[PDB]
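*Asks:* Here it is, the structure in full.
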Amino acid sequence: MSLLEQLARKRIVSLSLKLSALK
Amino acid sequence: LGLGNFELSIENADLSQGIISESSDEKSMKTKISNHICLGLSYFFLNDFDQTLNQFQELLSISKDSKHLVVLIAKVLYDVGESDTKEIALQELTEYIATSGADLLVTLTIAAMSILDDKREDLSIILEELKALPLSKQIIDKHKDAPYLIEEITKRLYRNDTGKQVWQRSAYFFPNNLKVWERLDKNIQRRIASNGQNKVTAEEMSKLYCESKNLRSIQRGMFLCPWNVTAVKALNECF
Amino acid sequence: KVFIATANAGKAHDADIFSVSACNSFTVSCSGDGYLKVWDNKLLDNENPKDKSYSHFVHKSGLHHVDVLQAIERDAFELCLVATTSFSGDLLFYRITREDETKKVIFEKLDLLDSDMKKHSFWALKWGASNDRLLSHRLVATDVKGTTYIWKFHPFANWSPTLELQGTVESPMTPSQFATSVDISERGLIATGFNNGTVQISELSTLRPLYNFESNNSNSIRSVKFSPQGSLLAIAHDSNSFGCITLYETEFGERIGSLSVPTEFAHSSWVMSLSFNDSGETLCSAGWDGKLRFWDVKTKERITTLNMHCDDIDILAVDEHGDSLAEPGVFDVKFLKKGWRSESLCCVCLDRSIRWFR
Amino acid sequence: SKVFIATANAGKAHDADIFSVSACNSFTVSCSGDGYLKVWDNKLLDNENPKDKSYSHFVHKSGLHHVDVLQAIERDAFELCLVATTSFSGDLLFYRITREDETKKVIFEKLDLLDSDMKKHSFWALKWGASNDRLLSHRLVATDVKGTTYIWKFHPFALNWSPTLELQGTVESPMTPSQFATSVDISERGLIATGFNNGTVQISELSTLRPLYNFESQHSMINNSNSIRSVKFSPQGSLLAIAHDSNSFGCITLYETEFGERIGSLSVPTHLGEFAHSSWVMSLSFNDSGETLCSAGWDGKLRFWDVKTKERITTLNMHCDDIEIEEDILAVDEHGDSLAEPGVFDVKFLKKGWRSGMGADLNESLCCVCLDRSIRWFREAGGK
Amino acid sequence: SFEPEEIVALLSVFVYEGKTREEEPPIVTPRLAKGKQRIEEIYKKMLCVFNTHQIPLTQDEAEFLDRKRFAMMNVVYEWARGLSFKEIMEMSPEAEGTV
């Protein structure tokens, strides 16, 4: 599900995670 | 739709149609027409819900009228097979012909429909029509679909009359056409495409080599296109 | 000027007529059905032309080219030879002899090609007569690969005809193009036409090219004719569904001008055939629009224009799309010199009929 | 490679089309559609007709279209030379080439290495993989009409002569349904490349027999043209040259095999677009150093390219009148068609010292077979 | 609008010394004559410019238009078309080394 798709129907990263885990 | 995922195509077309329906602008009509085409074709190809396809193509015909669009709609309706569908297709093709004039593509499609429907009066009328096209309509027809249609109509109405005269005339006007020499002499066709006078593909050239019915040429044409069925079959049939 | 019809034979053939040529004794015609017909040039005025027509089956593929050579050999040995080309690609030389017993004709097939020259395929040819320049006759023929050939014809070696191949001239361009028209001149020049739109000029003696001229879309050379006496060459171009004629001057390789009528184009549809008269002032033009246009070479202005769709007797009239308003007409026209009928005008049309004018 | 001088030729060498050619240190092998296999001695002397030092053997009535030769010194003194061919019927045949002690004539001995279940397939392409320090055993790879690639190991001994072929495994086509496998190659680093009739190349690892890459070289998928005719690995580098059709044109594309990315294409102005040859590219070949590539064209030309700069270097034209002995010139075919510019079927680079004769002793050579049923030899000017 | 053969044949004026003794044959294509006219006009303008500033000219520059430097255009054009060397030599006004 997505917010944009929900709104339309109604009208009808990797480097950061690794850095935290390493520390 | 191009890939062949009809269900996802229908879902996305429905979503796009729902998201923008009351809008009136330049960028909305194109999307509406595209969505209608996708919905109709996707339903027709797999869903078999010919009523929904008929409704969507009727809406599309109401919303627009162009030669290619009406021809595609007519072919789809004819492929449906319903008598009402065929009548609607023929009627709207004739209506476009009346509204915008005469064009080679629409005439060829009508002739094909009549030949597949076996209408003797219509076949004779089209044979009269197809045999008197202007030179502008013959320079454009680079693949000689019209002469093939004339031959087919002639042989299906006068027992076994020889219709090679249209091919001879086309060769007189177009001696450097690859299609015209197929019916007259395969030697000339092989020679003309041999050294770069015309641009010919590997499959067609391999077909030309095998048609000389010789062991060396058959081996050559099978070496060019090993996946060709006729080449391998002829080589097997040699010895 | 004024042209008056003399004879008219209808339904002469069942397949269409592609080319007509004539000699001082008879008019020979060729059609796509494979029958080669001859018409008697010298005939009574009050008699149907069909009454003196002699037919002969030639080939199954179908014919589109014919040329007849007539000459008087040593002593009073009359010579009448005919060459023609079939849609399969064969050269078919025929001898014509008249039987004095009952005024009959002898269609005699003659073979003059060896086993290697029989493996080619020909499109256009034209006999070369013997003028004061050289005693021997000549023959030129085109090819589907663009090549042109030239024999020297020796009629004696008794009656023992042979063909001696002087040489060949290849196509100007590479990759080659289909050679469509060829012509020969009495001053020793050879011209060849192509569907690309290129005309190449050579001479008999040395077999080297001398000049070279250039022009949906369609620009194909239909006709090439040298002047009978002088240095001039007429070319029949193709426009986009239109006809054009252009004049050239030999020995300089320059362009004189173009023939046109007000709407530069000459005919509404394609132009097919060209023909000079005996002296060389009037040029007739056969078109696919169905009209014959006579032109004056000196003033580059049209003299007259015939309409054979209606017997009773100008601007290029086109419709809202750009198409001619006239139905398709004539394939070929021809001039006949003085004393050939009792100048003439042979015309073979799309209606499968043949008509004459004087 | 800038100047090439013709050294020897033999017109009307075979009775039918010569579809492939291969060379070794001792001789050059040709296969034709008439079913013969001809061995041409490489060590020619001055003033010697090539046809004088030639030997022929009949293999199959249906003709042959692929050939490859393997020569190696298997022991301290043992020497083996093997020829593998495939026919139009789809048979894989093996022959052992040996020479007489006195007459020095070539003897042909047929070998049986395939089992009964292996003889039910129809093979098209083949390639000998010699030992190149990657593994102690020679390799043979072949493709069939169903799209599968087979890998074998050849064991000469069981010194006792007892040849045996051991199947390692098979690699299937990457797409469903399977297509035709038209070409195959094997590199010294242990890689296998296969070409298909739809324009797809697949690369697999020799040791473990699993796919690595699947790149598509089609310019556009509007029509079903653009099949692959030849795939070749660079002799030392990580580079793979692809020859593929483009709707009556010939194209060459370069890829690097470490990651499988498109590098570029070779093209010249021809009578616009990116095309290498006017008609088609039928064969490719690298030189010893891997810096020059030779493409054989159906238009009748040999073009040489600079690999690094992707630019053409020189062009060699083929004529039917280049044959020395005028009685061997074939101007026209059996239908009277011209052969003044005959297309090239195959081209092969010969290592330095393989081919001796008129000044070819210290530089690389070259051999090609053309449509006029002739075999021709060239040498690179200068030395090395 | 020129073709590669026409351009390569037209550029031969800059490499041919033109010191022949035969009558030039007529040009083979009209575009070659047009290019000859253009080159002659450009060279006349350059001669005017040179003579305005009084520069001493060489023997070849002074007599560029007084020699037959366009007499090999046909030979180069026919060589580019693909004729054999025998025919080229038969139609040439010079020897083999010059060509």
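Chain identifiers are assigned as A, B, and so on, following the order in which chains appear in the structure tokens; residues are numbered from 1 within each chain, and ligands are numbered from 1 in order of appearance.
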If we count only C-alpha atoms and set the cut-off at 8 Å, which residues sit around residue 28 in chain C, ignoring sequence neighbours fewer than 4 positions away in its own chain? Please answer as a ChimeraX atom specification.
*Replies:* /C:20-22,36-39,66,68
*Asks:* Which residues are near residue 273 in chain C? Cut-off 8 Å, only C-alpha atoms, ignore same chain within fewer than 4 positions. Put them as a list in words.
*Replies:*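 Final neighbour list, sorted by chain and number: residues 222, 223, 236, 285, 286, 287, 331, 332 and 333 of chain C.
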*Asks:* Could you list, as a PyMOL selection string, the residues of chain C having an atom within 12 Å of chain E when counting only C-alpha atoms?
*Replies:* chain C and resi 169-176+198-202+206-215+248+250-255
*Asks:* Suppose we keep C-alpha atoms; can you now write the selection as a tab-separated table (two decimals), in the first residue's frame?
*Replies:*
```tsv
chain	number	residue	atom	x	y	z
C	169	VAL	CA	30.06	-1.33	-70.42
C	170	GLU	CA	29.10	-1.51	-66.75
C	171	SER	CA	26.75	0.66	-64.71
C	172	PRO	CA	28.09	4.04	-63.50
C	173	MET	CA	27.01	3.50	-59.89
C	174	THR	CA	27.94	0.99	-57.19
C	175	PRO	CA	25.80	-0.74	-55.94
C	176	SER	CA	24.31	-1.13	-59.41
C	198	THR	CA	21.13	8.78	-64.16
C	199	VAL	CA	22.00	8.86	-67.88
C	200	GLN	CA	25.41	7.73	-69.14
C	201	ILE	CA	26.85	8.37	-72.61
C	202	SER	CA	29.54	6.33	-74.37
C	206	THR	CA	36.44	2.95	-77.63
C	207	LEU	CA	33.79	1.69	-75.15
C	208	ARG	CA	34.57	4.34	-72.56
C	209	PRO	CA	31.95	6.55	-70.88
C	210	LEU	CA	32.04	10.20	-71.95
C	211	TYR	CA	29.31	12.03	-70.00
C	212	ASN	CA	27.17	11.35	-66.94
C	213	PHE	CA	24.08	13.32	-65.90
C	214	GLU	CA	21.81	13.16	-62.86
C	215	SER	CA	18.21	14.12	-62.12
C	248	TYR	CA	20.92	18.09	-73.74
C	250	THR	CA	26.33	16.55	-77.23
C	251	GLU	CA	30.04	17.30	-77.75
C	252	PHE	CA	29.81	19.78	-74.86
C	253	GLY	CA	27.73	17.94	-72.27
C	254	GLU	CA	25.68	21.05	-71.45
C	255	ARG	CA	21.96	21.43	-70.80
```
*Asks:* Taking only C-alpha atoms into account, report as a compact mmCIF listing (two decimals) with C-alpha atoms, in the first residue's frame which residues of chain B lie within 9 Å of chain C.
*Replies:*
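In the end it all went to result34.txt:
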```txt
# COMPACT_ATOMS: atom_id res chain seq x y z
CA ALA B 132 -7.90 2.06 -61.24
CA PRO B 134 -3.85 6.77 -59.20
CA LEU B 135 -0.08 6.70 -59.61
CA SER B 136 0.29 8.49 -56.27
CA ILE B 139 4.12 4.81 -55.54
CA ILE B 140 3.14 4.70 -51.86
CA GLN B 165 -1.02 -9.03 -65.99
CA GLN B 168 3.63 -7.58 -65.41
CA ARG B 169 2.41 -3.97 -65.37
CA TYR B 172 7.08 -2.55 -66.09
CA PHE B 174 8.78 -0.94 -60.99
CA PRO B 175 11.46 -3.25 -62.45
CA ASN B 176 13.57 -2.84 -59.28
CA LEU B 184 7.32 -13.70 -62.72
CA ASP B 185 10.86 -15.08 -62.41
CA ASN B 187 16.09 -15.83 -61.17
CA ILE B 188 15.71 -12.06 -61.62
CA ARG B 191 20.04 -11.60 -59.02
CA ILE B 192 18.62 -8.19 -58.10
CA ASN B 195 24.89 -7.72 -54.80
CA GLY B 196 23.31 -4.82 -52.91
CA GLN B 197 20.83 -3.32 -55.37
CA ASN B 198 18.15 -3.87 -52.71
```
*Asks:* For the contact check between chain A and chain B, emit one row per residue of chain A within 10 Å, containing the shortest atom pair and the distance in Å rounded to one decimal, counting only C-alpha atoms, chain then rising number order, as a tab-separated table.
*Replies:*
```
residue	atom	partner	partner_atom	distance
A:5	CA	B:15	CA	9.0
A:7	CA	B:19	CA	9.5
A:8	CA	B:19	CA	5.9
A:9	CA	B:19	CA	7.6
A:10	CA	B:19	CA	9.4
A:11	CA	B:19	CA	6.9
A:12	CA	B:18	CA	5.3
```
*Asks:* If we count only C-alpha atoms and set the cut-off at 8 Å, which residues sit around residue 10 in chain E, ignoring sequence neighbours fewer than 5 positions away in its own chain? Please answer as a list in words.
*Replies:*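 The residues that qualify are residues 32, 35, 36 and 73 of chain E.
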*Asks:* Name the residues of range 51-106 of chain C that fall into strand (DSSP E or B) according to DSSP on the backbone, using the chain letters and numbers of this document, as number ranges by chain.
*Replies:* C: 53-54, 57, 63-72, 78-86, 91, 93-99, 104-106
*Asks:* Write a file of the just-selected residues containing N, CA, C and O atoms, as a CSV table (one decimal), in the first residue's frame.
*Replies:*
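The resulting file, result_4.csv, is reproduced below:
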```
chain,number,residue,atom,x,y,z
C,53,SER,N,-2.9,-8.9,-90.8
C,53,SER,CA,-2.2,-9.1,-89.5
C,53,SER,C,-1.7,-10.5,-89.4
C,53,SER,O,-2.6,-11.5,-89.5
C,54,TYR,N,-0.4,-10.7,-89.2
C,54,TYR,CA,0.1,-12.1,-89.1
C,54,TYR,C,0.7,-12.2,-87.7
C,54,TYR,O,1.5,-11.4,-87.2
C,57,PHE,N,3.4,-17.1,-82.0
C,57,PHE,CA,3.6,-17.3,-80.5
C,57,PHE,C,5.1,-17.3,-80.3
C,57,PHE,O,5.9,-17.9,-81.0
C,63,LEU,N,6.4,-10.7,-73.5
C,63,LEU,CA,7.4,-9.8,-74.1
C,63,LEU,C,7.1,-8.4,-73.8
C,63,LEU,O,5.9,-8.0,-73.5
C,64,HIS,N,8.1,-7.5,-73.8
C,64,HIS,CA,7.9,-6.1,-73.7
C,64,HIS,C,8.9,-5.3,-74.5
C,64,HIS,O,8.8,-4.0,-74.4
C,65,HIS,N,9.7,-5.9,-75.4
C,65,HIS,CA,10.6,-5.2,-76.2
C,65,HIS,C,10.7,-5.8,-77.6
C,65,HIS,O,10.6,-7.0,-77.7
C,66,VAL,N,10.9,-4.9,-78.6
C,66,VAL,CA,11.0,-5.4,-80.0
C,66,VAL,C,11.7,-4.3,-80.8
C,66,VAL,O,11.5,-3.2,-80.6
C,67,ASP,N,12.5,-4.8,-81.8
C,67,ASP,CA,13.2,-3.9,-82.7
C,67,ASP,C,13.5,-4.7,-84.0
C,67,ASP,O,13.9,-5.8,-84.0
C,68,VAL,N,13.2,-4.0,-85.1
C,68,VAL,CA,13.3,-4.6,-86.4
C,68,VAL,C,14.4,-3.8,-87.2
C,68,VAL,O,14.4,-2.6,-87.2
C,69,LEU,N,15.3,-4.6,-87.9
C,69,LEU,CA,16.3,-4.0,-88.7
C,69,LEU,C,16.1,-4.4,-90.2
C,69,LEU,O,16.0,-5.6,-90.4
C,70,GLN,N,16.1,-3.5,-91.1
C,70,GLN,CA,15.9,-3.7,-92.5
C,70,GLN,C,17.0,-3.1,-93.3
C,70,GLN,O,17.3,-1.9,-93.1
C,71,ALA,N,17.6,-3.9,-94.2
C,71,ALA,CA,18.7,-3.4,-95.0
C,71,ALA,C,18.8,-4.2,-96.3
C,71,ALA,O,18.2,-5.3,-96.4
C,72,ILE,N,19.5,-3.7,-97.3
C,72,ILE,CA,19.8,-4.3,-98.5
C,72,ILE,C,21.2,-4.8,-98.5
C,72,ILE,O,22.1,-3.9,-98.5
C,78,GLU,N,17.8,-9.0,-99.8
C,78,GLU,CA,17.0,-8.3,-98.8
C,78,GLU,C,17.2,-8.9,-97.4
C,78,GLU,O,17.3,-10.1,-97.3
C,79,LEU,N,17.3,-8.0,-96.5
C,79,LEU,CA,17.5,-8.4,-95.1
C,79,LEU,C,16.4,-7.8,-94.2
C,79,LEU,O,16.2,-6.6,-94.2
C,80,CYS,N,15.8,-8.6,-93.4
C,80,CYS,CA,14.8,-8.2,-92.4
C,80,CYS,C,14.9,-9.1,-91.2
C,80,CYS,O,14.4,-10.2,-91.2
C,81,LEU,N,15.5,-8.6,-90.2
C,81,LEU,CA,15.7,-9.3,-88.9
C,81,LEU,C,15.0,-8.6,-87.8
C,81,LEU,O,14.9,-7.4,-87.8
C,82,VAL,N,14.5,-9.4,-86.8
C,82,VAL,CA,13.8,-8.8,-85.7
C,82,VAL,C,14.3,-9.4,-84.4
C,82,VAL,O,14.6,-10.6,-84.3
C,83,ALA,N,14.5,-8.6,-83.4
C,83,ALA,CA,15.0,-9.0,-82.1
C,83,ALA,C,14.0,-8.6,-81.1
C,83,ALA,O,13.3,-7.5,-81.2
C,84,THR,N,13.8,-9.4,-80.0
C,84,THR,CA,12.8,-9.1,-79.0
C,84,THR,C,13.3,-9.7,-77.6
C,84,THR,O,14.1,-10.6,-77.6
C,85,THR,N,12.6,-9.2,-76.6
C,85,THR,CA,13.0,-9.6,-75.2
C,85,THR,C,11.8,-10.1,-74.4
C,85,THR,O,10.8,-9.4,-74.5
C,86,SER,N,11.9,-11.2,-73.8
C,86,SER,CA,10.8,-11.7,-72.9
C,86,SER,C,11.0,-11.4,-71.5
C,86,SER,O,12.1,-11.1,-71.0
C,91,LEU,N,16.8,-13.2,-75.1
C,91,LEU,CA,16.9,-12.5,-76.4
C,91,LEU,C,16.5,-13.5,-77.5
C,91,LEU,O,17.0,-14.6,-77.6
C,93,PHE,N,16.0,-13.5,-81.4
C,93,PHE,CA,16.2,-12.9,-82.7
C,93,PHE,C,15.4,-13.7,-83.8
C,93,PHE,O,15.5,-14.9,-83.8
C,94,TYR,N,14.6,-13.0,-84.6
C,94,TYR,CA,13.7,-13.6,-85.5
C,94,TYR,C,14.0,-13.1,-86.9
C,94,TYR,O,14.2,-11.9,-87.1
C,95,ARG,N,13.9,-13.9,-87.9
C,95,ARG,CA,14.0,-13.5,-89.3
C,95,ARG,C,12.6,-13.5,-90.0
C,95,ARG,O,11.8,-14.3,-89.7
C,96,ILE,N,12.4,-12.5,-90.8
C,96,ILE,CA,11.2,-12.3,-91.5
C,96,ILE,C,11.4,-12.4,-93.0
C,96,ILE,O,12.3,-11.7,-93.5
C,97,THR,N,10.7,-13.3,-93.6
C,97,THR,CA,10.8,-13.5,-95.1
C,97,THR,C,9.4,-13.7,-95.7
C,97,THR,O,8.5,-14.3,-95.1
C,98,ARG,N,9.2,-13.1,-96.8
C,98,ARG,CA,7.9,-13.1,-97.5
C,98,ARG,C,7.8,-14.1,-98.5
C,98,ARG,O,8.8,-14.3,-99.4
C,99,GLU,N,6.7,-14.9,-98.5
C,99,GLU,CA,6.5,-15.9,-99.5
C,99,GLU,C,5.7,-15.3,-100.7
C,99,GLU,O,4.6,-14.9,-100.5
C,104,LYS,N,2.6,-14.5,-98.3
C,104,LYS,CA,2.7,-15.0,-96.9
C,104,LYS,C,3.9,-14.5,-96.2
C,104,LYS,O,4.7,-13.7,-96.7
C,105,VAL,N,4.1,-14.9,-94.9
C,105,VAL,CA,5.3,-14.5,-94.1
C,105,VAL,C,5.9,-15.7,-93.5
C,105,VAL,O,5.2,-16.7,-93.3
C,106,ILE,N,7.2,-15.7,-93.2
C,106,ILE,CA,7.9,-16.8,-92.6
C,106,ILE,C,8.5,-16.3,-91.3
C,106,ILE,O,9.5,-15.6,-91.3
```
*Asks:* Please provide the set of residues having any atom within 9 Å of residue 171 in chain D, restricted to only C-alpha atoms, with same-chain residues fewer than 4 positions apart removed, written as a list in words.
*Replies:*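 Those residues are residues 147, 148, 149, 150, 151, 204, 209, 210 and 211 of chain D.
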*Asks:* Compile the residues of chain B that lie within 6 Å of chain D, evaluated using only C-alpha atoms, and express the compilation as a list in words.
*Replies:*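 Written out as asked, the residues are residues 199, 200 and 201 of chain B.
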*Asks:* Those same residues, written as a PDB file, in the first residue's frame with N, CA, C and O atoms?
*Replies:*
```pdb
ATOM      1  N   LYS B 199      18.025  -3.946 -50.305  1.00  0.00           N
ATOM      2  CA  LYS B 199      18.370  -4.380 -48.959  1.00  0.00           C
ATOM      3  C   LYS B 199      17.501  -5.572 -48.579  1.00  0.00           C
ATOM      4  O   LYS B 199      16.278  -5.441 -48.459  1.00  0.00           O
ATOM      5  N   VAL B 200      18.133  -6.728 -48.387  1.00  0.00           N
ATOM      6  CA  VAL B 200      17.435  -7.982 -48.137  1.00  0.00           C
ATOM      7  C   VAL B 200      17.985  -8.604 -46.860  1.00  0.00           C
ATOM      8  O   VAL B 200      19.183  -8.505 -46.573  1.00  0.00           O
ATOM      9  N   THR B 201      17.102  -9.225 -46.081  1.00  0.00           N
ATOM     10  CA  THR B 201      17.492  -9.815 -44.811  1.00  0.00           C
ATOM     11  C   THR B 201      18.065 -11.217 -45.019  1.00  0.00           C
ATOM     12  O   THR B 201      18.025 -11.783 -46.114  1.00  0.00           O
TER      13      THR B 201
END
```
*Asks:* Would you pick out the contacts of range 224-229 of chain B at 7 Å or less, using only C-alpha atoms, so that residues sharing its chain but fewer than 3 positions from it are not included, and give the list as a count of residues only?
*Replies:* 8
*Asks:* Take CA of residue 28 in chain D and CA of residue 6 in chain D and report the distance between them in Å, one decimal.
*Replies:*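 Interatomic distance, CA of residue 28 in chain D to CA of residue 6 in chain D: 16.4 Å.
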*Asks:* Which distance in Å separates CA of residue 30 in chain D and CA of residue 184 in chain D, to one decimal?
*Replies:*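 These two atoms are separated by 19.3 Å.
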*Asks:* Would you return as a PyMOL selection string the members of range 74-196 of chain D that DSSP assigns to helix (DSSP H, G or I) on this structure's backbone?
*Replies:* chain D and resi 117-120
*Asks:* Skipping near chain neighbours, those fewer than 5 positions away, what residues fall within 10 Å of range 53-58 of chain D using only C-alpha atoms, listed as a CSV table (one decimal) with N, CA and C atoms, in the first residue's frame?
*Replies:*
```
chain,number,residue,atom,x,y,z
D,13,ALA,N,39.9,-25.1,-55.2
D,13,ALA,CA,40.5,-26.1,-54.3
D,13,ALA,C,39.5,-27.1,-53.9
D,14,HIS,N,38.2,-26.8,-53.7
D,14,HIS,CA,37.1,-27.7,-53.4
D,14,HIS,C,36.1,-27.7,-54.5
D,27,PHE,N,50.0,-27.8,-40.6
D,27,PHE,CA,49.2,-27.7,-41.8
D,27,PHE,C,47.9,-26.9,-41.5
D,28,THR,N,47.1,-26.6,-42.6
D,28,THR,CA,45.9,-25.9,-42.6
D,28,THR,C,44.8,-26.8,-43.1
D,29,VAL,N,43.6,-26.8,-42.4
D,29,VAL,CA,42.5,-27.7,-42.7
D,29,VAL,C,41.4,-27.0,-43.3
D,30,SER,N,40.7,-27.5,-44.3
D,30,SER,CA,39.6,-27.0,-44.9
D,30,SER,C,38.4,-28.0,-45.0
D,31,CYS,N,37.2,-27.6,-44.8
D,31,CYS,CA,36.0,-28.4,-44.9
D,31,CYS,C,35.1,-27.7,-45.9
D,34,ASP,N,31.1,-30.6,-50.2
D,34,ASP,CA,31.2,-31.8,-51.0
D,34,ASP,C,31.6,-33.0,-50.1
D,35,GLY,N,31.9,-32.8,-48.8
D,35,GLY,CA,32.1,-33.9,-47.9
D,35,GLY,C,33.6,-34.3,-47.8
D,36,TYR,N,34.5,-33.5,-48.3
D,36,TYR,CA,35.9,-33.7,-48.2
D,36,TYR,C,36.6,-32.9,-47.2
D,37,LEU,N,37.8,-33.3,-46.7
D,37,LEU,CA,38.6,-32.6,-45.8
D,37,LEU,C,40.0,-32.6,-46.3
D,38,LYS,N,40.5,-31.4,-46.5
D,38,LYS,CA,41.8,-31.2,-47.2
D,38,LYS,C,42.9,-30.6,-46.2
D,39,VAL,N,44.1,-31.2,-46.3
D,39,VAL,CA,45.2,-30.8,-45.4
D,39,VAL,C,46.2,-30.2,-46.3
D,40,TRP,N,46.6,-28.9,-46.0
D,40,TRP,CA,47.6,-28.2,-46.8
D,40,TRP,C,48.8,-28.0,-46.0
D,41,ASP,N,49.9,-28.5,-46.6
D,41,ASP,CA,51.2,-28.4,-45.9
D,41,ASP,C,51.6,-27.0,-45.7
D,42,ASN,N,52.0,-26.6,-44.5
D,42,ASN,CA,52.4,-25.2,-44.2
D,42,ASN,C,53.8,-24.9,-44.5
D,43,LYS,N,54.7,-25.9,-44.5
D,43,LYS,CA,56.1,-25.7,-44.8
D,43,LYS,C,56.4,-25.9,-46.3
D,44,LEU,N,56.0,-24.9,-47.1
D,44,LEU,CA,56.2,-24.9,-48.5
D,44,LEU,C,57.6,-24.3,-48.9
D,48,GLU,N,56.6,-23.8,-55.4
D,48,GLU,CA,55.8,-25.0,-55.2
D,48,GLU,C,54.3,-24.6,-55.2
D,63,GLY,N,28.1,-33.4,-46.5
D,63,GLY,CA,29.0,-32.2,-46.4
D,63,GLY,C,29.3,-31.8,-45.0
D,105,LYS,N,53.6,-38.9,-46.3
D,105,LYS,CA,52.2,-38.7,-46.6
D,105,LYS,C,51.3,-38.7,-45.4
D,106,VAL,N,50.2,-38.0,-45.5
D,106,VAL,CA,49.3,-37.8,-44.4
D,106,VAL,C,48.3,-39.0,-44.3
D,107,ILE,N,48.1,-39.6,-43.2
D,107,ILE,CA,47.2,-40.7,-43.0
D,107,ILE,C,46.1,-40.3,-42.1
D,108,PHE,N,44.9,-40.7,-42.5
D,108,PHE,CA,43.7,-40.4,-41.7
D,108,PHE,C,43.2,-41.6,-41.0
```
*Asks:* Would you list the contacts of residue 60 in chain E as a list in words, taking every protein, DNA or RNA residue within 12 Å and counting only C-alpha atoms, but skipping same-chain residues closer than 4 positions in sequence?
*Replies:*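 With the cut-off at 12 Å, the set is residues 14, 15, 16, 17, 18, 19, 56, 64, 65, 66, 67, 68 and 69 of chain E.
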